[PDB]
Amino acid sequence: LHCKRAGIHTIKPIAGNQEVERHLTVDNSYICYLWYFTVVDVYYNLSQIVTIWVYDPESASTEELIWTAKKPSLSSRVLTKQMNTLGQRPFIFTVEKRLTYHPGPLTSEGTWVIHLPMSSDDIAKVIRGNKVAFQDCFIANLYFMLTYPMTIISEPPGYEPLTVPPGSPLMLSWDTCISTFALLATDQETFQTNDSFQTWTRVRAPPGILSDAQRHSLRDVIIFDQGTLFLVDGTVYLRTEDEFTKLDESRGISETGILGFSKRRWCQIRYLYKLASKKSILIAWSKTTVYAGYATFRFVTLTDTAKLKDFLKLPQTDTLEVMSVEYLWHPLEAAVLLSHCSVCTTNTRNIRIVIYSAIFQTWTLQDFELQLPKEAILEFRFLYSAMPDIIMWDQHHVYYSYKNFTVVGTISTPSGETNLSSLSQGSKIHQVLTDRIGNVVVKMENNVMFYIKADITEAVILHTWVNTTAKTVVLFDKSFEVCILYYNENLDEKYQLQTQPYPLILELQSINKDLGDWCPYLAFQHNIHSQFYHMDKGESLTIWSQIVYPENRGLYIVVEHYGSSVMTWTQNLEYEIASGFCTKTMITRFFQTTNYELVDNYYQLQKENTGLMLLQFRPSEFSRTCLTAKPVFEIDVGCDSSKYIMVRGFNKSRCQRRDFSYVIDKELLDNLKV
Amino acid sequence: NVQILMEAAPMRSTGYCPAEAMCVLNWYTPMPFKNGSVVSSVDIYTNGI
Amino acid sequence: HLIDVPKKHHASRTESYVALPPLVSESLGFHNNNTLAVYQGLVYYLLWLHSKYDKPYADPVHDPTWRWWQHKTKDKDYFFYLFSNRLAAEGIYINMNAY
Amino acid sequence: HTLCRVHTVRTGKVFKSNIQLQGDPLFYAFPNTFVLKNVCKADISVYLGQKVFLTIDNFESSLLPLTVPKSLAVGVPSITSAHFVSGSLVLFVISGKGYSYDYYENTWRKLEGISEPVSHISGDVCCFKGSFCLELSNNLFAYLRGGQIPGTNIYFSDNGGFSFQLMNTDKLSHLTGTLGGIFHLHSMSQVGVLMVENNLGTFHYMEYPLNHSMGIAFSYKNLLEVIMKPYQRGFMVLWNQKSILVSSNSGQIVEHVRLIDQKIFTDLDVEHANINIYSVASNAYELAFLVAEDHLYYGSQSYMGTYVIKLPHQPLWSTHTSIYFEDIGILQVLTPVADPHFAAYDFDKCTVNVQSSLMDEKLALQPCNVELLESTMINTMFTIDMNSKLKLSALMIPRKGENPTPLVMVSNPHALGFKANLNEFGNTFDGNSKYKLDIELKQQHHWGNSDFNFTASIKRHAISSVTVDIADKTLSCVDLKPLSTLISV
Amino acid sequence: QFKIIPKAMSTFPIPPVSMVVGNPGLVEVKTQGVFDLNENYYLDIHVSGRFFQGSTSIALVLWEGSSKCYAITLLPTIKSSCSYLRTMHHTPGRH
Amino acid sequence: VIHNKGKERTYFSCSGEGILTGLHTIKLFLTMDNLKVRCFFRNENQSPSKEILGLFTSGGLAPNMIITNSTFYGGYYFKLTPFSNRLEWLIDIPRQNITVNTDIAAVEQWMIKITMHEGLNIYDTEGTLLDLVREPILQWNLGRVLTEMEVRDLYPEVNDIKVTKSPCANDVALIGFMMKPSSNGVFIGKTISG
Amino acid sequence: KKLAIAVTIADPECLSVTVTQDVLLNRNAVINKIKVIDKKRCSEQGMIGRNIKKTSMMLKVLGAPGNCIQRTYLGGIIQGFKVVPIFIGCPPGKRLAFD
Ligand SMILES: *[C@@H]1O[C@H](CO)[C@@H](O[C@@H]2O[C@H](CO)[C@@H](O[C@@H]3O[C@H](CO[C@@H]4O[C@H](CO)[C@@H](O)[C@H](O[C@@H]5O[C@H](CO)[C@@H](O)[C@H](O)[C@@H]5O)[C@@H]4O)[C@@H](O)[C@H](O[C@@H]4O[C@H](CO)[C@@H](O)[C@H](O)[C@@H]4O[C@@H]4O[C@H](CO)[C@@H](O)[C@H](O)[C@@H]4O)[C@@H]3O)[C@H](O)[C@H]2NC(C)=O)[C@H](O)[C@H]1NC(C)=O
Ligand SMILES: *[C@@H]1O[C@H](CO)[C@@H](O[C@@H]2O[C@H](CO)[C@@H](O[C@@H]3O[C@H](CO[C@@H]4O[C@H](CO[C@@H]5O[C@H](CO)[C@@H](O)[C@H](O)[C@@H]5O)[C@@H](O)[C@H](O[C@@H]5O[C@H](CO)[C@@H](O)[C@H](O)[C@@H]5O)[C@@H]4O)[C@@H](O)[C@H](O[C@@H]4O[C@H](CO)[C@@H](O)[C@H](O)[C@@H]4O)[C@@H]3O)[C@H](O)[C@H]2NC(C)=O)[C@H](O)[C@H]1NC(C)=O
Ligand SMILES: *[C@@H]1O[C@H](CO)[C@@H](O[C@@H]2O[C@H](CO)[C@@H](O[C@@H]3O[C@H](CO)[C@@H](O)[C@H](O)[C@@H]3O)[C@H](O)[C@H]2NC(C)=O)[C@H](O)[C@H]1NC(C)=O
Ligand SMILES: *[C@@H]1O[C@H](CO)[C@@H](O[C@@H]2O[C@H](CO)[C@@H](O[C@@H]3O[C@H](CO)[C@@H](O)[C@H](O)[C@@H]3O)[C@H](O)[C@H]2NC(C)=O)[C@H](O)[C@H]1NC(C)=O
Ligand SMILES: *[C@@H]1O[C@H](CO)[C@@H](O[C@@H]2O[C@H](CO)[C@@H](O[C@@H]3O[C@H](CO)[C@@H](O)[C@H](O)[C@@H]3O)[C@H](O)[C@H]2NC(C)=O)[C@H](O)[C@H]1NC(C)=O
Ligand SMILES: *[C@@H]1O[C@H](CO)[C@@H](O[C@@H]2O[C@H](CO)[C@@H](O)[C@H](O)[C@H]2NC(C)=O)[C@H](O)[C@H]1NC(C)=O
Ligand SMILES: *[C@@H]1O[C@H](CO)[C@@H](O)[C@H](O)[C@H]1NC(C)=O
Ligand SMILES: *[C@@H]1O[C@H](CO)[C@@H](O)[C@H](O)[C@H]1NC(C)=O
C-alpha cells in the first residue's frame, strides 16, 4: 500500500467473515533517511571502532533492515557520498557526560570511522550530524548503547536440556541495562542470545547433576553478565561458563524453600558505579525469609518473618507471609508484599506493602486496603516515577496504586467488567511490560493484548494481531519498541524463533480515532537533559520548564519530591497569552543555605545535611494521546571521592627512582630512622 | 570597488522661453570615470520630496 | 525575516564618497554653465585625491580630503557670511563637508 | 460531571490501631463554616465548623479534632474568633478569654493580660523576610463586638500576644453607638473604628491624617464579619447572613456588589434576591462565596467596583462544607466526614478549576484584553528615606484588538506621591506593541500638589502599597494578576 | 521624526507618506525614510534656511489613507524670522 | 501619543459658570478675572457623584489640564483635597499664567485637553479656550440689536445665508442674511461659541 | 518534521556552517542563528586579488522555494531560498604604512 495524501485512511480487507477496519494516520515529514553503524571491539587498547553510513529504508538491501550488514549496498554508498559532498558529517555524543567524537574523511567505500573509549559508566550515546538536506530530506538522530561485549555460553556435547513444565507458558528474562542480551525458557529448550534472538545458543546442564523429572520443572530464570541463575523445583542453581554448582547453606540460602528472585529493572548504572561500595544485585524470597544477593553469588539473610511480625505490632501467632520483593526506582530501597491472615479461618487475606530503606536500614508500613482470596498469586512492578506507583496483577485482574498510594484501585475496561479473563475467553494474564514513556502492555496466554497508561485507570483492549494458538512472547528491540517473538518447534532450526515488530502507537491512534480522546496541552518542554545531578556546597541547580496549552484551561507544572528534604526551592513564573494559546514558563532553583563557621560538631552538621533526593516534573492534568516523557532525576549532596587537589609540576610516577632511607635527629619537637 | 553618490542640479534649457521664469528644465550631474574600469552602474532615485 | 545582518558596505568591502553640488544664490534656484563646471572640477579633484592616496608614508589622519580642507577651515564662518548676505563670488557656496 | 469530581483523603487506618481522643471537643460559635488560612505558611490552616481541625498539611491525611486538655477550666469551649500570629502560635478566643496554642508542640497558654470578657482579636500579618514587619505583625487588638463604647473596654498589645494592656478611653469619649470593630489599618497607617449609631454604620479614624474624620455611611442591618485582604492594599469584605459589601478604599467608601448576566450588570442585594450566603473565601485579588441553596458565586474585586458571576451548577452543599482558595484560579471545597470505627475524620475535596469553568458557551464571557503583564517589583519590599526617590518599572502587552487603560494607585496618598510615564518601545513578532511604564516615587510634601489638609505631616514614618492595575480588565483574567508591593517611608 | 504603524496590508516598496514644500527657494529640506520588521515606517526631516532672507508650509500626506481617518494631512509651518522668545540678557553678578 | 488610536467617548464635563454653551463640548472664556473652572467625571450617571471622586482621590490621582497653541504648551494641575465636602474638581488660574499682554491684536484660540494623568494619559477630553479682552471684533457694537419676534417675522423673506471666520480664531463667526428685494436692511448675527 | 532550515556548502573543507534553533509557540516564532566560520586553509599569502578563492553557501527552508511568493506593491518576490557567494583571500582595501 502506497499513498501521498496525508490524514487518516480507513483500510479494510473485505472477506467472507467480519473483519475490523483500521485507520492509519500518515503525515508529511522532512525526515527520511537513517544512520547505520557497525562496531568492532579491540581489547588491547580498550577501545571501540564504529563505522557509519547513511541508508534509505525504502531503497535498501535486505540485510541493512535486520542489522546484519558489513558492507554498504549500492544505494547506500551513492547516497552517503552524495550527502558527504553537500557537507554532512556525523559525530557521536555521549549523554551522561557531554563529550563528542568526530570522524575522519570518507574512505574508498562510503564509511565514516570513529574511535571511542570503552566506558561502562556512560553507556548511552547518540549519533548526530549537521542540518544538511539532500533533496528536501533529512537524517534522523540515532540513539543507542554500547559497553564491553558480553559473551554467551557455549555448549559441550553430551549435555541435557532444561525445560519449563509441560503446557506452561514460556518465559523470558533480559538484562536490565543493555537489552538484546536475553534468555528464553521454553518447554523443549532454553535459549540465550547476544542479539535480539537473531542468532542463539542453547543452555544445557552436565549429566548426572539433576534428575530427568527435575530438568522439566524450572520455575524461574534470571540473567546477569557473570552467569545465569535457575530456580529448579525450589532450589537455586548457578550456571556459568565453567561449572553448574548448586547453591546451598554454605552461600546463605535454604534448600527446597525458595519461591522467587528478582533483580533491578531500571538502568541506574551511574550512581551504582560512583557509589564506591558493592551493593546487592539480586533479592530472593522463600515465603518466610528474604535474602539479598551480592556479587560473586553469596549472600546473608536480610530478614525473617518474626522481625517483621514484631515491627507491625502484630498480636503474634499470626499467619504473615511474603509473596514478592521488588527494587523500586530509588537505587537503595526495596519493597515487599506482606500477606496477613487476621485470625484466619476464612479465604480472605490482607495485602500490605513494607518498604525497606538500606541507607537508614529501616522499615516503613504503607497504606493498602486490599483484600484477596487465598488462591491468588501476586506480581507487582514499579513504574518510572520518583514516587512509589505500583502496577500489580493476580492472573485475572490488574490493580493499581498511583500518586503516593492515594489513588488505589482496580484497572477496568470502559465497559467496567474489571475481569480481563471474561474479555479474553477465560485465559490468565501471562505478561506485563512497562516502559520509560509510561505505557504498559498486558498480554494473556490467549495472545490478546490490553493497554494501560500510567496514572490512567481505564484500560484499552487492542485489536487482535496474533493467532490464538501461537506460542509467543513480547520483548524489546535495541530501542524501546515492542517486538513479538514467535517460537515453534518442528522447523528447520533457522525459523524456530522469529521476531516481528508491533506498531503499538499506530494501533493506539486508530483506537483513539474510534473513541475521540485528546491531549489537553499543546506542548511541555524542559531542560532536564540528564538523570543524575551532583553538586557541592557552593553550587545551585537551575531547572527550566514550560507548558503551552489552549486558551484558558487552567494548568500548571507539578513538581513532586521524594526522599530526604535537605534543600529549598524558589520558583519564578511568567504567564503569556497569544493567538488563543496560554504559556506558563517556570524557572526553579535548588540551593542550600547553611553556615559552618564558628559552630560545634562541624562533621555532624556536615553529615546531617548530606544525601540524595528525587524530583519529578509533570503537567497538571494529562490523559492518553500524550506522548510526553515525564522527567525524573535525582540530586545528591556529598563528595564523589574522585575530586582532589594537586600542586603544579608534581606527579606520581613520571620521575623514576629507588628506595631511600635516612636518619633525622635533634630537630624534632631523639633518633628517627625513616 | 568604488561608489560615488551625487545629487543632480536643475538647469534651464536655452531656447525661446516665451514665459518669464520657467520653461523646459532638466537635471544635470557630471559623469566621473576612474582609471582601471570600463563598467559603471548608475542608480537614480528620488530625494523623498 | 532576515534580521541580525552584517552591514552591506563593510561586508562587500567598498569605499564610498559623497559629492553634493555647490549652492546658488539665484532667486529661482537654477544653475548655469559655470556652476556645473565648478561641480565637475570638484568631483575630479576628489577622485584624483582618492587615486593619489597610494603614498607609502602614513598621514596623521585618514580621509585624504583632510589634506584638502585643512588650511582653509579656520575661517569657514566668514565664507558663510559672504554668501548668506550675497557679497561673494558668483553666488556659489562651496561647502567643505559636502565632498 | 462539571465543576468538581470528588476525591477522599484518608490515611493511618491501614491496621488495627487504637487511637482515641481526650478532653472536651472544640466547636464554632456561628452557623457558618470558615477556613482560616495562614498567610505565608500557607500549608497550615484551621477549619472552624461543628468541629475544629488544625492542619499542617494542605488538609491531607486524617486529622483528629482540636481538643482542650481539661487541665485548665475553659467552661463551654466555643471559638468566637481566631488569629494567626507570627511563629508557631495561633490565637483562639474561648468563652471570653484569649488562649494561645502551639501546634508544633502541644502547648496551650492562657493569655493573662485581658480582664473583661472579649470576643474578637484583630491584627495584620506581613510576610516578607526580614525584621521590619516582624514588628508590624506584633500589634494586636482585642475587643468585644456589640458592646456599648461609653463603658466597654478595648485592649491592645505590642509584644506579639504575650500580655494585653488596657487602652485609654479618652480617645473614644465623643463616639456614640455600638462598636463593630477596631482595626490597625496599616494601608493608611491609621486606627479605624466602625460605629453603629443607627441602622446605618460608618468608619471613624484616629491618627492625624484625617483625624476626627468620617467615611460615607452604609447600612448595618444586624452584625457583620470583616475580612482584610492580606496584601495591605486596604481592600475589605464585610459579610453576614443576609448582606455582602466591598470596600475598595480603607473603609472610606463602602459600596455594594455587582452581578453579571447576559452582559448587563445589576446591583446585588442578598435579602431581595432571597438567598443566604454560607461560606466566603477571599484571595489577594479574588472573592468567592457559596450560597446554601447549592450555589457558587465567583467575583473579581478591584477598583471601580467588583464583578460577581454565577458558576455552573453542581451539588456541593452538604451541611459541613466550606470553600477556601487553594491557589490563584484554584478553589477547593472541603468536607470532613466522621468515622467512629477508628474515631477520626477523613476529608472529601473538590478542586474547582475556575479558569476552565469560566469558558462555557452559556456564560459567553469576552476573553482577556491584556496579553502580558510582568514586573520584578513583586518579589520584595522597598524603603524610602528623606530627600530620596525610587524608580519602579513594568512591562505590558495589550490584546490585538482592545485598548485597555492602565492605572497606578497608592494606598496612602497622604505620605506617598508618584509620577508615572508609559512609553512604547519596539513591538512583538506578531505586531502587538510593547508598553513600558516607569513610576517615580517620593514623598508627598516634596511634590507640591496637595493642600495642607491633605499632606498630613512629614516628621513621622508611614507605610503604603503601590498597585499597577488595569482599569477596564474584564472577567476571566484570572492568571494576569495586578502588580502590588509594599513601600515603607 | 514620525512613525507610521499599519493596521492592514501596507505598501512595502513605496513609502506611504508624500511630502510637498510650498516654497523650495528659501528652505532646504533633507528627508530620510526607512521601514521596520512589521512594516512600520520611520521617517525624519531636517529643515534649514538657504541664505539671509519669509515663510513656507511643508505638507505630509498619507495618499493611501482613507478619507474617514481623523488625521491624514500634517501641515507644519516654517518661518524664517526670530521667535518672540529670542533675546539676549546680561547677568550683572551682584544679585 | 498616537493620533488615530481611537477616541469615542467624552469622560469629562467642565464649566466655568460664566457663559453656558452646548454640553457636548467644553468651551471656556478668559476674562480679566481668574479662569475658575469646575469639572467632573462623566459616566453612565451624568450627575456629579461623591463616590467616583472619592474613588479617584484615594490613589493620588487628580486631573491635569493642558493648554496648547500653535507655538505653546502648558500644563495646570488640580490640587489634591479631601473628598469630605466637595462634589466636583475645581481649579482657578490667574490670567498672568496664560497671557500677560492685554492689548488688542490677532490672537489664536487655545486647545484644552483634560486628563486624569499626564504621561499615563487614560481619560482624554478635548475643548477650546478663547480670549475675550484681546479679540478685535468683540470690542465694537455692530448695530441695533433685534429682539425676539423681530427676527421671527424676518424668516419668510430670507433667501440665502453667508458666514465668516476671523481666520486666527474660529467660533466667532458672523452670519449674514441675503434677502428678497421686498424687504430692506443689513442683517448680521454674531456667535461666540461656534 | 514541519519547518526546517537546511544549509549547503560548496567545498565544505574550507567553511564551517552551524545552525542554532529557538522556538516560541504562543508567538509563532522560530529563530535560527546561522554562523559561518573560516577553516584556515585553502589559500596562500598574496596581494589583494591574486589569491581569491570563490565559494558559496546556499540556505533554504525545506519545501519553500517555488511555492512561497511575497506579494508587495509592484510585484511579488520568490522567497525561502538564498545563495551567498564568499571570497576567501585577503580583502581589498588594506595597506601597511610608516607610522
Ligand atoms: C500661543 O499662546 C501663548 C500663550 O502664552 C503665546 O505666548 C505669549 O506670546 C506673547 C507674544 O505676543 C508673549 O508676550 C511677549 O512678552 C515679552 C515679555 O515677556 C516677559 O517674560 C518675563 C519672564 O517670563 C515675565 O516676567 C514678563 O512679565 C510681564 O512683563 C511686562 C513687561 O514687559 C509687564 O508689563 C507685564 O505686566 C508682566 O509683568 C513678560 O511676560 C515682551 O517683551 C513681548 O513684546 C513686548 O510687547 C510690549 C507690548 O506689546 C511692548 O511694549 C514691548 O516693547 C515688547 O515689544 C517688543 O519686545 C521685543 C523683546 O521681546 C523688543 O526687542 C522689541 O523692540 C519690542 O519692544 C511680548 O509682549 C508672551 O510672553 C507669551 N507667553 C508666554 C507664557 O510665553 C503665544 O504667542 C501664542 N502663539 C500664537 C501663534 O498665537
Ligand atoms: C496462527 O498464526 C501463527 C503466526 O503466523 C502461525 O504460525 C505460522 O506457522 C506456519 C506453519 O505452521 C509458518 O509457515 C512456515 O514458514 C516458513 C518460513 O519460511 C521462510 O519464510 C520467510 C518469510 O515468511 C513469509 O514471507 C512472506 C514474504 O512476503 C511474508 O509476507 C510473510 O508475512 C511471511 O513472513 C521467507 O522470506 C523465507 O524465504 C527465504 O528466507 C531466507 C531467510 O532464511 C531469505 O534469506 C531468502 O532470501 C528467502 O526470503 C522462508 O520461506 C516456511 O518455510 C514453511 O514452509 C515450509 O518450508 C520448508 C523449508 O523451506 C519446506 O521444505 C516446506 O515444503 C514448506 O514450504 C512454513 O510455511 C509461519 O512462518 C508461522 N508464522 C510466523 C509469523 O512465523 C500459526 O500456524 C497460525 N495457526 C493456525 C492454526 O493457523
Ligand atoms: C587504539 O588501538 C587501536 C589498535 O588497532 C588503534 O587502531 C588503529 O589506529 C591506527 C591509526 O589510525 C590505524 O592505522 C591507520 O589508520 C588510518 C586512518 O586514516 C588508515 O588510513 C591506515 O590505512 C591505517 O590503518 C589502524 O588501522 C587501526 N587499527 C585497526 C585494526 O584498524 C586505535 O587508533 C587506538 N586508539 C587510540 C585512541 O589510540
Ligand atoms: C506520601 O505518603 C506517605 C505515607 O503517608 C507520607 O509519609 C508520611 O510522612 C509524614 C511526615 O513526614 C509522617 O508523619 C509523621 O508523624 C509523626 C507523628 O504521627 C511524627 O512524629 C513524624 O515526625 C512525622 O511527621 C508519616 O508518618 C508518614 N507516613 C508513613 C506511613 O510513614 C509522605 O509524606 C507522602 N509524600 C508526600 C510528598 O506527601
Ligand atoms: C589614467 O592614468 C593616467 C596616468 O596616470 C592619467 O593620465 C595622467 O593625468 C595627469 C593629470 O591629469 C597628467 O599630468 C599632467 O600632464 C599635462 C600634460 O603634460 C601637464 O601639463 C600637467 O602639468 C600634468 O603633468 C598626465 O600627463 C597623464 N598621463 C598621460 C600618460 O597622459 C589619467 O588621468 C588616468 N585616468 C583617469 C580617468 O583618471
Ligand atoms: C482643607 O483646606 C482647604 C484649604 O484650601 C479647604 O478649602 C476650602 O475651599 C472652599 C471652596 O473652595 C473655600 O470657600 C474655603 O475658604 C477653603 N478653606 C480655607 C480654609 O481656605 C478644604 O475645605 C479643607 N478641607 C477640610 C476637610 O477641612
Ligand atoms: C484633629 O483635627 C482637628 C481638625 O478637625 C485639628 O485642628 C487638630 O489639630 C487635629 N489633631 C490631631 C492630633 O491630629
Ligand atoms: C500661576 O503662577 C503662579 C506663579 O508661579 C503659581 O504660584 C500658581 O500656582 C499658578 N497657578 C496654577 C493654577 O498653577
# chains A, B, ... in the order shown; residues from 1 in each chain; ligands from 1
call {"tool": "residues_around", "arguments": {"residues": "residue A:25", "least_positions_apart": "5", "cutoff": "8 Å", "atoms": "only C-alpha atoms", "output": "VMD selection string"}}
result
chain A and resid 6 to 9 506 509 to 510
call {"tool": "residues_near_ligand", "arguments": {"ligand": "ligand 1", "cutoff": "9 Å", "atoms": "only C-alpha atoms and all ligand atoms", "output": "count of residues only"}}
result
28
call {"tool": "closest_residue", "arguments": {"among": "C:70, C:65, C:51, C:14", "to": "residue B:34", "atoms": "only C-alpha atoms"}}
result
C:51
call {"tool": "residues_around", "arguments": {"residues": "residue G:62", "least_positions_apart": "5", "cutoff": "9 Å", "atoms": "only C-alpha atoms", "output": "short mmCIF file (atom, residue, chain, number, x, y, z; two decimals) with N, CA, C and O atoms, in the first residue's frame"}}
result
data_model
loop_
_atom_site.label_atom_id
_atom_site.label_comp_id
_atom_site.auth_asym_id
_atom_site.auth_seq_id
_atom_site.Cartn_x
_atom_site.Cartn_y
_atom_site.Cartn_z
N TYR A 30 9.80 15.81 6.72
CA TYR A 30 11.03 16.10 6.01
C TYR A 30 12.20 15.27 6.51
O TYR A 30 13.35 15.54 6.14
N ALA A 133 20.36 18.97 4.10
CA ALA A 133 19.37 18.14 3.42
C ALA A 133 19.84 17.81 2.02
O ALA A 133 20.64 18.53 1.42
N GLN A 135 17.55 16.30 -0.89
CA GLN A 135 16.53 16.69 -1.86
C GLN A 135 15.22 16.94 -1.13
O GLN A 135 14.19 16.35 -1.44
N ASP A 136 15.29 17.79 -0.10
CA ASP A 136 14.22 18.00 0.88
C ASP A 136 13.97 16.72 1.67
O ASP A 136 12.86 16.20 1.74
N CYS A 137 15.05 16.23 2.28
CA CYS A 137 15.01 15.10 3.19
C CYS A 137 16.20 15.21 4.13
O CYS A 137 17.29 15.58 3.71
N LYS G 2 8.17 19.72 10.23
CA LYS G 2 7.27 20.70 9.64
C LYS G 2 8.00 21.90 9.07
O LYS G 2 7.76 22.27 7.91
N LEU G 3 8.88 22.52 9.84
CA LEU G 3 9.54 23.77 9.45
C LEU G 3 11.03 23.63 9.74
O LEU G 3 11.46 23.84 10.88
N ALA G 4 11.81 23.30 8.72
CA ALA G 4 13.24 23.05 8.88
C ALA G 4 14.02 24.00 7.99
O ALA G 4 13.56 24.35 6.89
N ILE G 5 15.19 24.42 8.46
CA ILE G 5 16.09 25.26 7.68
C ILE G 5 17.36 24.47 7.42
O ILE G 5 18.03 24.02 8.35
N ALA G 6 17.69 24.31 6.14
CA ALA G 6 18.80 23.48 5.71
C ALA G 6 19.85 24.35 5.03
O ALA G 6 19.54 25.35 4.38
N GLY G 80 12.36 32.10 0.54
CA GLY G 80 12.67 30.81 1.12
C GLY G 80 13.91 30.13 0.61
O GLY G 80 14.07 28.92 0.82
#
call {"tool": "interface_residues", "arguments": {"of": "chain G", "to": "chain D", "cutoff": "12 Å", "atoms": "only C-alpha atoms", "output": "number ranges by chain"}}
result
G: 24-31
call {"tool": "write_last_selection", "arguments": {"atoms": "N, CA, C and O atoms", "output": "compact mmCIF listing (two decimals), in the first residue's frame"}}
result
# COMPACT_ATOMS: atom_id res chain seq x y z
N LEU G 24 9.36 29.65 19.92
CA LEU G 24 8.35 30.25 20.78
C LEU G 24 7.00 29.90 20.18
O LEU G 24 6.73 30.22 19.01
N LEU G 25 6.14 29.25 20.97
CA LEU G 25 4.94 28.62 20.44
C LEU G 25 3.75 29.58 20.43
O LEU G 25 2.96 29.60 19.48
N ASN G 26 3.58 30.36 21.51
CA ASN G 26 2.48 31.30 21.57
C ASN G 26 2.64 32.44 20.57
O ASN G 26 1.65 32.88 19.98
N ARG G 27 3.86 32.93 20.37
CA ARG G 27 4.11 33.99 19.41
C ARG G 27 4.17 33.50 17.98
O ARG G 27 4.14 34.33 17.06
N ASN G 28 4.24 32.18 17.77
CA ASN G 28 4.51 31.59 16.46
C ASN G 28 5.80 32.14 15.88
O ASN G 28 5.80 32.85 14.87
N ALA G 29 6.92 31.86 16.54
CA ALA G 29 8.21 32.33 16.09
C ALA G 29 9.23 31.21 16.19
O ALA G 29 9.21 30.42 17.13
N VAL G 30 10.11 31.13 15.19
CA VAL G 30 11.27 30.25 15.21
C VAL G 30 12.48 31.08 14.80
O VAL G 30 12.54 31.58 13.67
N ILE G 31 13.44 31.21 15.70
CA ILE G 31 14.66 31.97 15.44
C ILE G 31 15.78 31.00 15.10
O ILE G 31 16.02 30.03 15.83
call {"tool": "interface_residues", "arguments": {"of": "chain A", "to": "chain D", "cutoff": "9 Å", "atoms": "only C-alpha atoms", "output": "ChimeraX atom specification"}}
result
/A:312,352,365-369,406,551-555,574-579
call {"tool": "write_last_selection", "arguments": {"atoms": "N, CA and C atoms", "output": "CSV table (one decimal), in the first residue's frame"}}
result
chain,number,residue,atom,x,y,z
A,312,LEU,N,5.3,-4.8,62.9
A,312,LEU,CA,3.9,-4.4,62.6
A,312,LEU,C,3.0,-4.5,63.8
A,352,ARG,N,-0.5,-5.9,52.2
A,352,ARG,CA,0.2,-4.6,52.5
A,352,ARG,C,1.5,-4.5,51.9
A,365,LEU,N,5.7,1.0,57.0
A,365,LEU,CA,4.4,0.4,56.6
A,365,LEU,C,3.6,1.5,55.8
A,366,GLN,N,3.1,1.1,54.7
A,366,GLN,CA,2.4,2.0,53.8
A,366,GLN,C,0.8,1.8,53.9
A,367,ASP,N,0.1,2.5,53.0
A,367,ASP,CA,-1.4,2.5,53.0
A,367,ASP,C,-1.9,1.5,51.9
A,368,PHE,N,-2.3,0.4,52.3
A,368,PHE,CA,-3.0,-0.6,51.4
A,368,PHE,C,-4.2,-1.1,52.1
A,369,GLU,N,-5.3,-1.2,51.3
A,369,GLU,CA,-6.6,-1.7,51.8
A,369,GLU,C,-7.1,-2.8,50.9
A,406,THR,N,-2.3,7.1,47.1
A,406,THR,CA,-3.6,7.7,47.3
A,406,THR,C,-4.7,7.1,46.3
A,551,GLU,N,-6.8,28.1,25.4
A,551,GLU,CA,-7.0,29.5,25.8
A,551,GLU,C,-7.0,29.7,27.3
A,552,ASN,N,-7.9,29.0,28.0
A,552,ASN,CA,-8.0,29.3,29.4
A,552,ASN,C,-8.3,28.0,30.2
A,553,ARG,N,-7.9,26.8,29.8
A,553,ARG,CA,-8.0,25.7,30.7
A,553,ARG,C,-6.8,25.7,31.7
A,554,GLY,N,-7.1,26.1,32.9
A,554,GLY,CA,-6.1,26.4,33.9
A,554,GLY,C,-5.2,25.2,34.2
A,555,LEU,N,-3.9,25.2,33.7
A,555,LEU,CA,-3.0,24.2,34.0
A,555,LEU,C,-1.7,24.8,34.7
A,574,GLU,N,6.2,33.0,34.6
A,574,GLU,CA,5.8,34.0,33.6
A,574,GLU,C,4.6,33.5,32.8
A,575,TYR,N,3.6,34.3,32.6
A,575,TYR,CA,2.3,34.0,32.0
A,575,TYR,C,2.1,34.8,30.8
A,576,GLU,N,1.8,34.2,29.7
A,576,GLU,CA,1.6,34.9,28.4
A,576,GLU,C,0.4,34.3,27.7
A,577,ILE,N,-0.3,35.2,27.0
A,577,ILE,CA,-1.5,34.8,26.2
A,577,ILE,C,-1.3,35.4,24.8
A,578,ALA,N,-1.3,34.5,23.8
A,578,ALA,CA,-1.1,34.9,22.5
A,578,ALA,C,-1.7,33.9,21.5
A,579,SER,N,-2.5,34.5,20.5
A,579,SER,CA,-3.1,33.7,19.5
A,579,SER,C,-4.0,32.6,20.0
call {"tool": "residues_near_ligand", "arguments": {"ligand": "ligand 8", "cutoff": "6 Å", "atoms": "only C-alpha atoms and all ligand atoms", "output": "VMD selection string"}}
result
chain F and resid 76 92 to 94 97
call {"tool": "closest_atom_pairs", "arguments": {"of": "chain B", "to": "ligand 5", "cutoff": "10 Å", "atoms": "only C-alpha atoms and all ligand atoms", "output": "Markdown table"}}
result
| residue | atom | partner | partner_atom_place_in_ligand_line | distance |
| --- | --- | --- | --- | --- |
| B:32 | CA | ligand 5 | 38 (C) | 7.9 |
| B:33 | CA | ligand 5 | 38 (C) | 5.4 |
| B:34 | CA | ligand 5 | 38 (C) | 4.2 |
| B:35 | CA | ligand 5 | 36 (N) | 4.2 |
| B:36 | CA | ligand 5 | 1 (C) | 7.5 |
| B:37 | CA | ligand 5 | 38 (C) | 8.9 |
call {"tool": "write_last_selection", "arguments": {"atoms": "N, CA, C and O atoms", "output": "tab-separated table (two decimals), in the first residue's frame"}}
result
chain	number	residue	atom	x	y	z
B	32	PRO	N	31.68	60.89	-13.77
B	32	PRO	CA	33.07	60.59	-13.42
B	32	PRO	C	33.45	59.14	-13.69
B	32	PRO	O	32.71	58.21	-13.38
B	33	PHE	N	34.62	58.96	-14.28
B	33	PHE	CA	35.17	57.64	-14.51
B	33	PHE	C	36.61	57.60	-14.03
B	33	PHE	O	37.36	58.56	-14.20
B	34	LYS	N	36.99	56.49	-13.42
B	34	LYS	CA	38.31	56.32	-12.85
B	34	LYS	C	39.15	55.41	-13.73
B	34	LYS	O	38.63	54.71	-14.60
B	35	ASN	N	40.46	55.43	-13.51
B	35	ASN	CA	41.37	54.64	-14.32
B	35	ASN	C	41.43	53.22	-13.78
B	35	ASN	O	41.74	53.01	-12.61
B	36	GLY	N	41.13	52.25	-14.64
B	36	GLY	CA	41.12	50.85	-14.28
B	36	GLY	C	39.80	50.14	-14.50
B	36	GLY	O	39.68	48.97	-14.12
B	37	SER	N	38.80	50.78	-15.11
B	37	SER	CA	37.47	50.21	-15.22
B	37	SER	C	36.82	50.65	-16.52
B	37	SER	O	37.21	51.67	-17.11
call {"tool": "atom_distance", "arguments": {"atom1": "atom CA of residue D:104", "atom2": "atom CA of residue D:140"}}
result
22.3 Å
